[PDB]
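Read the single chain below, which is given as structure tokens and is the form deposited in one PDB entry.
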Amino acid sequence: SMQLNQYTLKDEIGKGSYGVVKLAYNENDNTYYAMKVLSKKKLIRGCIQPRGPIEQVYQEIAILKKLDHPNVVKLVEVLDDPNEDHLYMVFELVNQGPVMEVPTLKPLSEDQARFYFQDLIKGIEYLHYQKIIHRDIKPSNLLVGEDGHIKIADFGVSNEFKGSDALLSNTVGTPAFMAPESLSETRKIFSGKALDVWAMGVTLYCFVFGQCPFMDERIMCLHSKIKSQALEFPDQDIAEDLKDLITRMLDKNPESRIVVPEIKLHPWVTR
């Protein structure tokens, strides 16, 4: 292990382009946390020129500091010495980790999917209320806590807006979960809340089938399938109310796509 202020850093629980995540034991309160460790030098290294990479991280932090909800992760501390390369983001630990990796041969049951989907609705409703568009909803960003409920993580590409919805032009997120309106070659403008609904719909399909509705290892071909291919369900066999709900979330037109208030009232959700 190693010591970092009051924390004892232990097993590595994650890694990515961002850096790494360590299990961190706080010696003052005898509690485990998740510590994301980022290198400023490594971060330095709809196609708008975004703000710089360290600056994106501070935007993520600013968003996380506004959020306090049982189905959203909780940032507790940021350590950022101006004379050090590393930035540390300390979160409350979410015991059981990501709900699933996709693809998997082990999909969730319909009832287990409903349970988590209800948590996902509650978290997204809260985020939208707080004027945050998440932009990277997918199963691996939904963490299962000790109480068995999911929490929405990874606000790395999330947007904060003022007014009734965001007006977005940047094509960010995970390709398999991006909505068709975000994928035009033509520079255009799209609303944010519907992006999250689309991603929820892909997520729900993944929950019950273990594989995404649009799949291709070639990202260019994946984008084409999302824009042009009709949604199809395998033969293996889900309830018709579930197919209806997924179908409505995966409406390619964001003007007619189901909205969160309606999702809350859908038969599959309320049973």
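Only the largest set of C-alpha atoms that superpose within 1.5 Å between the two forms is called the rigid core. All residue numbers refer to positions in the sequence shown, first residue = 1.
Heads up, the form deposited in another entry isn't pictured, but that's what we're talking about next.
**Student:** Could you check whether the CA atom of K106 moves 2 Å or more between this form and the one not shown, using the rigid core for the fit?
**Tutor:** After core superposition, the displacement of the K106 C-alpha between this form and the one not shown stays below 2 Å, so no.
**Student:** How about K188 - superposed on the rigid core, does its CA move between this form and the one not shown by 2 Å or more?
**Tutor:** Shift of 2 Å or more: yes.
**Student:** Align both forms on the core first, then report whether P70 has a C-alpha shift of 2 Å or more between this form and the one not shown.
**Tutor:** No, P70 moves less than 2 Å.
**Student:** Looking in that other deposited form, are the Cα atoms of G210 and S17 closer together or farther apart than here, the change being 3 Å or more?
**Tutor:** Relative to this form, closer in that other deposited form.
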